[PDB]
Structures are given as structure tokens and as C-alpha cells.
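Chemist:
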Amino acid sequence: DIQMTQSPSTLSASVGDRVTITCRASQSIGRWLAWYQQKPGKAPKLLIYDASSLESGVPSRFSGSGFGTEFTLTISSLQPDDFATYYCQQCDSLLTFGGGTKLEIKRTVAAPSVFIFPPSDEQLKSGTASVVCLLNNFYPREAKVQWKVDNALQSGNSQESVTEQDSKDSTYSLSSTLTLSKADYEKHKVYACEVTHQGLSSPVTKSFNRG
Amino acid sequence: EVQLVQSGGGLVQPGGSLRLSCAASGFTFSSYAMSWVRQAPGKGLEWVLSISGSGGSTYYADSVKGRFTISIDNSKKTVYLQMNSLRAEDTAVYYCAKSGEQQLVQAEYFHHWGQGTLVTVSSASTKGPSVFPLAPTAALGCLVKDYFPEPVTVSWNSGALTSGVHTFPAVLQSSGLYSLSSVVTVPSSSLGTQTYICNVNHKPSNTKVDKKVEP
Amino acid sequence: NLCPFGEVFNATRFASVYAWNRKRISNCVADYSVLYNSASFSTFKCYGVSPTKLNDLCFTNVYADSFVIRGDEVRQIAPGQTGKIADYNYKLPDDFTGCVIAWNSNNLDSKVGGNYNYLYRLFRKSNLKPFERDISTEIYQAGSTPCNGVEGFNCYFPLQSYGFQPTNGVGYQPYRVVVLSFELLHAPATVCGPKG
Ligand SMILES: *[C@@H]1O[C@H](CO[C@@H]2O[C@@H](C)[C@@H](O)[C@@H](O)[C@@H]2O)[C@@H](O[C@@H]2O[C@H](CO)[C@@H](O)[C@H](O)[C@H]2NC(C)=O)[C@H](O)[C@H]1NC(C)=O
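Protein chains in written order, with the authors' numbering: chain L, 1 to 211; chain H, 1 to 136, 145 to 223; chain R, 334 to 529.
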């Protein structure tokens with residue numbers, strides 16, 4: 001098959017900037033290449049095809065270039081509507097897409113307010129225990145959370161969820177939920193979530209001791 | 001104007017069958033190769049099938065080859081996607097897409113898209129959410153756990169408090185049920201004065217649960 | 334005003350020969366010697382004219398028809414030819430005045446896996462007249478079974494896909510073609526060579 005690899009996977013820019021996202025093809029695909037834009041939960045929109053042809057009714061700030069293996073999409077003077085995920089696509093051998101490049105709003109660096117929530121008594125009657133670590137209104141999006149029950153490791157028991165970039169402050173928020181059985185939950189006392197993120201000099205761990 | 005109107009879809013048991021429709025107007029139906037593209041929850045785009053303007057050439061992606069069928073009804077200007085032996089990895093929004101000029105036989109590019117159709121492949125049965133307090145500038149919230157199918161709509165104090173509220177993307181757990189949280193960071197001091205109620209609604213099960221979060 | 338032959342010769346996409354494109358060039362100056370040497374042309378055959386002599390004439394209109402055919406069919410793009418292309422897709426008149434220009438476009442128009450979107454008409458009730466076109470994609474019903482727009486038994490799609498792959502021998506690789514024709518009428522437009 002022909003694989004498409006886009007680069008970078010995420011890009012941060014401001015209104016007015018000029019952006020350049022790249023798409024590399026495992027083999028030469030000549031001019032058989034197109035770019036699309038997708039907002040979350042909406043149909044993609046075609047922007048460029050045949051490497052360099054502008055689709056009808058697409059703003060001219062969008063241009064495409066490349067022939068063979070290395071392709072480039074260029075937005076000259078960015079605008080709000082342009083913040084989106086972008087996919088390239090080849091049609092030289094069947095039809096495959098690239099993984100996509102997310103284009104996000106650049107804002108000033110902010111640290112997350114890290115909150116920890118023990119499982120409620122109501123749920124502990126259910127037989128399971130959901131402990132929730134919350135990180136609120138941080139930027140950039142990258143942040144690492146890890147749980148330690150009695151300073152252990154916790155693996156495969158946590159799941160995270162991240163909002164999209166707010167429109168007000170342009171930050172992100174994230175939840176990490178740790179689901180354990182009431183037996184294991186009642187079998188230790190030191191529950192902590194440790195967060196590292198660029199707005200923090202040193203990682204902030206938030207914790208409690210059950211009971 | 002070119003329009004692609006999609007019909008069908010919804011929840012289907014694993015191994016089941018389902019057929020999707022795409023009703024075309026505003027262009028010459030036989031002048032363009034037609035395609036389906038899907039997007040699995042939180043992933044990018046996957047081409048699955050195509051058919052030529054004349055109906056005489058069909059092209060399949062291997063992940064659906066042998067299970068999915070694409071077909072044409074010219075009098076209705078409609079594209080059908082017949083899906084058999086459905087697996088869970090087939091859960092996705094399915095897009096109908098029209099190709100461009102000089103693309104009579106092969107789809108090259110996708111110049112017009114349908115609005116998308118959720119196909120959910122799961123053995124789970126409909127269930128209303130359990131709601132648990134996330135008790136506490146401070147933060148508090150509401151854990152919305154073990155519901156199916158999506159969606160659930162949360163609001164705080166009947167939609168009055170919308171400042172500083174983040175309701176997270178739901179996660180589908182190993183049980184096949186969904187889970188999500190809705191948080192609110194409120195200026196403290198109100199921790200002892202204001203009274204915070206969260207408002208969970210799940211229409212597929214006609215369940216309405218309002219839970220009071222307090223210190 | 335320089336004639337926009339770049340838009341013709343260098344178009345990213347080219348028409349299918351069955352749906353051959355025509356562009357009218359007017360109100361401009363063109364150097365046809367420069368055009369002759371602008372690229373490597375596998376053929377460049379003129380009738381009634383020549384590049385060097387075009388550079389000294391003015392015409393009312395120049396039409397540039399363009400399309401893709403396979404290598405061994407370029408020779409059907411000539412006055413008085415026969416075959417599938419000349420009969421059913423693109424027909425020059427016996428008294429043609431202009432130039433036929435072609436070059437190998439394997440790198441641009443083939444696909445690893447085949448390009449079936451370049452087509453030619455395989456049959457037609459009667460031959461094209463000169464510069465006539467036939468763009469119908471209608472299925473031909475050969476029996477009583479209705480086709481409802483679908484190929485099948487007794488239901489013949491009249492367009493054949495070339496299916497261009499880079500591995501093809503030279504004669505089956507795609508060629509882009511531009512046919513320049515030259516017209517003098519009692520009209521106000523003028524398309525002139527540099528010394529006309
Ligand atoms: C068709 O294009 C060629 C090439 O043009 C250059 O290469 C392309 C890939 C694209 O990037 C163009 O924008 C480039 O300008 C033309 O050949 C050039 O002609 C100019 C004079 O007009 C000459 O100075 C250059 O050296 C030529 N370069 C090459 C590589 O041949 C050609 O003239 C165009 N055809 C017509 C009919 O205009």
C-alpha cells in the first residue's frame with residue numbers, strides 16, 4: 001500500500017501567521033494528492049487537489065505544492081475559521097489518508113489547577129470506586145498524569161478525557177478517572193495523582209487518604 | 001446546489017446487517033463516481049467503498065471486502081451501502097461523498113460530502129446513567153457513569169450556571185457503557201452559601217436525574 | 334498581451350478525448366518558435382502552416398483543443414485518418430490548418446494501479462463530423478432488458494477506460510495532445526505572431 005505520513009501532528013499559531021504543514025508519501029504519487037479540512041463532528045471539506053489545484057470557493061490564502069513524495073499546504077495569513085484538523089489524501093493506489101495535523105490556537109502558557117475527588121459513599125455501595133483527578137484550564141495541551149495508590153504505579157486502570165480548546169480563554173481541561181474495586185480501594189489508603197506540565201516548575205501531585 | 005442527504009444508520013447488534021442511503025440532487029447522477037468514507041470515534045478518515053457513474057465498477061477496501069456492498073438506483077439518484085457481518089470496529093460516522101469532474105469511473109477526490117450517519121455496533125442495551133457527586145476557588149462536579157447509548161446532556165442549576173463549566177468527552181468503558189464527568193470550578197465562600205445542582209438527561213432511556221453536590 | 338498557451342499546455346488536468354476541451358485564444362501575441370522549443374514534444378506536425386511562418390501572420394482566432402490519448406493513437410490526430418479516436422472521439426477535417434502537438438504524460442496521467450478516468454468512445458451509430466463532439470455517457474440498451482443506467486448483459490457503456498499504468502509500453506502510455514487551429518474571418522479579434 002501507499003502510506004501518507006503528515007507532519008507535524010499538531011501546530012500552534014495565531015491569527016495572521018503563515019502556516020506550513022507537510023505530507024509525505026511512502027512512494028511517489030506524482031500529482032495524485034488532495035488536502036481537506038475538518039472541524040470536530042462535521043464533514044471534511046476539500047481544499048486542494050492534484051497537489052496544487054484550489055477547489056472552488058476555497059479562500060486563496062490556501063495553496064498547495066509538491067510532486068512525487070513531499071507535499072505542502074500553506075495558509076498565507078491565518079484566520080479564525082482555519083483552526084481545524086487537516087488531512088492529506090492520495091489516489092495513486094486506492095485511496096488512503098494521512099493521520100492528520102491539528103491546527104490549534106496559540107495562547108500564553110497557563111498551568112492547570114489540579115483537583116482530586118475521592119469516590120462517593122453512594123458509588124462505594126455500588127461495589128466500585130471512581131477517583132477523579134481534574135486539571136482545569138491549562139495550556140499547552142500536553143500534560144502527563146499518573147496515579148499512585150500507596151505510592152504504587154497503577155496501569156490499565158485509568159482513562160483520561162480532554163475538552164477541546166475553549167473559545168473564551170483557549171485553554172484545555174482534562175479528567176483522569178481511576179476505577180478500582182471497593183476491595184482494592186479499601187485495601188490501601190494513599191491515593192494521589194501526579195501532574196507534570198510546562199506551566200509547572202515542579203510536578204504538582206494532589207492526594208488524599210481514604211476515610 | 002449539490003446535495004447529498006443521508007438516511008439510515010443507528011444501533012445494530014454485532015454480526016448484524018444495516019443499509020445506509022445517500023440521496024443525491026443538484027447534479028447529473030451518472031456523471032460522477034460515488035464513495036463512502038468513515039470516521040471511527042476519535043480517529044481520522046477511512047475510505048471504504050466506491051462505485052463508478054455507470055455502476056459498472058466497484059472498489060472496496062480490504063477491511064470491508066466481502067462484508068459491505070455498494071449499489072446504485074438511478075431513478076432515485078441514490079447510493080446504497082449494504083453492511084453485513086458488522087463488527088464493533090465498524091462503529092463510525094459514515095459519510096457519503098461525490099467525486100469531482102473527470103472522475104467518472106474512479107473516485108480520485110471527495111468534492112462533496114453527505115452530513116454523516118452514526119452506525120453503532122454493540123451488544124449493550126439501553127440504560128439510564130448513574131450520577132454520583134464529585135464533592136468539593146474550588147471545584148466540584150457530577151460523575152455520569154454507566155449509560156448507553158450516547159448522548160447525555162448535563163447542565164448546572166437548570167442551565168443558569170454556565171460560567172466555568174467543563175463537560176468532558178464521554179469514554180466508552182470495557183463494559184460497553186459510557187461514562188463522563190461535568191465539572192464546575194466556583195469561587196469558594198459560596199461553598200457554604202450557594203447550592204449546586206447538576207442536571208443529567210438521557211433521552212434514549214427517558215431518564216432525568218438531578219443530583220445535589222454539597223460539602 | 335501575451336497569448337496564454339501556458340494555461341493550455343501546462344494545465345494540471347487534461348480532458349478525456351471523448352470530451353476533448355477547446356480554448357479560444359484571442360487578442361494577444363504569441364511566439365510560435367518559442368512555443369516549438371518551449372518543451373520536448375514527441376510530435377509537432379503542422380498542416381498549411383509552420384511555427385516560423387506563424388510568427389509573421391495574424392489570425393482572427395486560434396483554437397487550442399486538448400485531451401489525452403495513448404501513444405499509438407497520436408497518428409489518428411491528422412486529416413483523413415480512421416480508427417476509434419478519429420471515428421468516434423476527435424475528428425480533424427481534410428482541409429485542416431494548424432498544428433498537432435503531443436508529448437508523453439506517463440508521469441502525470443498514469444497511476445500505480447491504473448487510471449480509468451481517461452476514456453474514449455468505443456462505438457457510435459455514425460462517425461463524428463469534423464470538430465463534432467459526443468459527450469453522452471448513456472448506456473446503450475442492446476436487448477429488451479432495461480438498463481436503468483447500469484452496465485451488464487445487453488447493456489454496453491459506450492466509453493472505454495484506458496487504464497494507464499506507468500509500467501505500460503510506450504505506445505500505451507498516455508500522451509497529452511494540443512491541436513492548434515487557425516482561422517481568418519472578417520472579425521475584430523486578432524491573434525498575431527511577434528512580427529505580424
Ligand atoms: C510549461 O512549463 C514549462 C516549465 O515551467 C516551469 O516549470 C514548471 C514545473 C512550473 O513550476 C512553472 O511555474 C515553471 O516556470 C515552461 O518552460 C519554461 O519556460 C520559460 C520561459 O517561458 C523558461 O525560461 C524556462 O527555462 C522553462 N523551464 C523549463 C523547465 O522548461 C514552458 O514554457 C511552459 N509551456 C508553455 C507553452 O508556456
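C-beta atoms are modelled at their ideal positions from N, C-alpha and C, and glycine is treated no differently.
Using DSSP bridges, identify the partner residues of residue 242 of chain H.
Modeler: Residue 242 of chain H is absent from the structure shown; chain H starts at 1 and stops at 223.
Chemist: Assuming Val119 of chain H contacts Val12 of chain H (C-beta within less than 8 Å), just tell me the rounded distance between them.
Modeler: 7 Å
Chemist: Which residue from H:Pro157, H:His174 and H:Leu134 puts its Cα closest to that of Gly10 of chain H?
Modeler: H:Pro157
Chemist: Measure from the alpha carbon of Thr108 of chain L to the alpha carbon of each residue in L:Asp82, L:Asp169 and L:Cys23, then state which is nearest.
Modeler: L:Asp169
Chemist: Mind pulling the chain R residues with CB within less than 7 Å of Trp32 of chain L?
Modeler: Ordered by position in chain R, the residues that pass the 7 Å Cβ test against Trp32 of chain L are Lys444.
Chemist: What residues in the segment 435-459 of chain R have a beta carbon less than 7 Å from any beta carbon of chain L?
Modeler: Under the 7 Å Cβ criterion, the segment 435-459 of chain R contributes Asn440, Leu441, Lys444, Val445 and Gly446.
Chemist: Of all the options R:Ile358, R:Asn437 and R:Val382, which has the alpha carbon lying nearest to the alpha carbon of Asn394 of chain R?
Modeler: R:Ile358
Chemist: Using the three-state DSSP reduction, which class does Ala192 of chain L fall into: helix, strand or coil?
Modeler: strand
Chemist: Specify, as a first and last residue, the run of the beta strand (DSSP E) that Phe71 of chain L falls within.
Modeler: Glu70 to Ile75
Chemist: Using the beta-carbon of each residue, which ones in chain R are nearer than 7 Å to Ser52 of chain L?
Modeler: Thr345
Chemist: Kindly examine ligand 1 and report whether one of its heavy atoms sits closer than 8 Å to the Cβ of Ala372 of chain R.
Modeler: yes
Chemist: Quick check: the segment 30-37 of chain H against the segment 97-107 of chain H, are at least 3 beta-carbon pairs closer than 8 Å?
Modeler: Taking a cut-off of 8 Å for Cβ pairs, the segment 97-107 of chain H and the segment 30-37 of chain H touch, as three or more such pairs fall below it.
Chemist: Could you check if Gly57 of chain L is buried or exposed, using at least 16 other CB atoms within 10 Å of its CB as the buried criterion?
Modeler: exposed
Chemist: Going along chain R in order, which residues have a C-beta closer than 8 Å to the C-beta of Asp92 of chain L?
Modeler: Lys444, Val445 and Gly446
Chemist: For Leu455 of chain R, which residues in the same chain have their Cβ closer than 8 Å to its Cβ, ignoring the five residues on either side in sequence?
Modeler: Correct list, in chain order: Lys417, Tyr421, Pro491, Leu492 and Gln493.
Chemist: May I ask you to verify whether the segment 162-179 of chain L touches the segment 201-216 of chain H, counting CB pairs closer than 8 Å and requiring at least 3?
Modeler: no
Chemist: Looking at the C-beta of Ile72 of chain H, does it have a partner C-beta in chain R at a distance below 9 Å?
Modeler: yes
Chemist: Please look up how many angstroms separate the CB atoms of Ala419 of chain R and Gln409 of chain R, rounded, as I've assumed it's under 8 Å.
Modeler: 4 Å
Chemist: With DSSP as the reference, label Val445 of chain R as helix, strand or coil.
Modeler: coil
Chemist: Measure the C-alpha to C-alpha separation of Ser130 of chain L and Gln38 of chain L and round it to an integer number of angstroms.
Modeler: Distance between the alpha carbons of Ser130 of chain L and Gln38 of chain L is about 34 Å.
Chemist: My understanding is that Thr74 of chain L touches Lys102 of chain L, with C-beta atoms under 8 Å, so please give their C-beta distance in whole angstroms.
Modeler: Contact between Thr74 of chain L and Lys102 of chain L fails: their C-beta atoms lie close to 17 Å from each other, not under 8 Å.
Chemist: Could you list which residues in chain R have their beta carbon closer than 9 Å to that of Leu104 of chain H, in chain order?
Modeler: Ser349, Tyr449, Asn450, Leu452, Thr470, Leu492 and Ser494
Chemist: For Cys91 of chain L versus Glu46 of chain H, is the C-beta distance shorter than 9 Å?
Modeler: no
Chemist: Return yes when the C-beta of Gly156 of chain L is under 8 Å from any heavy atom of ligand 1, and no when it is not.
Modeler: no
Chemist: Can the beta-carbon of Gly44 of chain H be found less than 9 Å from the beta-carbon of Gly100 of chain L?
Modeler: yes
Chemist: Tell me the DSSP secondary structure of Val433 of chain R in three-state form.
Modeler: Assignment of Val433 of chain R by DSSP, reduced to helix, strand and coil, places it in the strand class.
Chemist: Quick test of your reading: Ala435 of chain R and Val510 of chain R, contact by CB under 8 Å. State the CB separation rounded to the nearest angstrom.
Modeler: Correct: roughly 5 Å between the Cβ atoms.
Chemist: Straight-line CA distance for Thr117 of chain H to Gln82 of chain H?
Modeler: 14 Å
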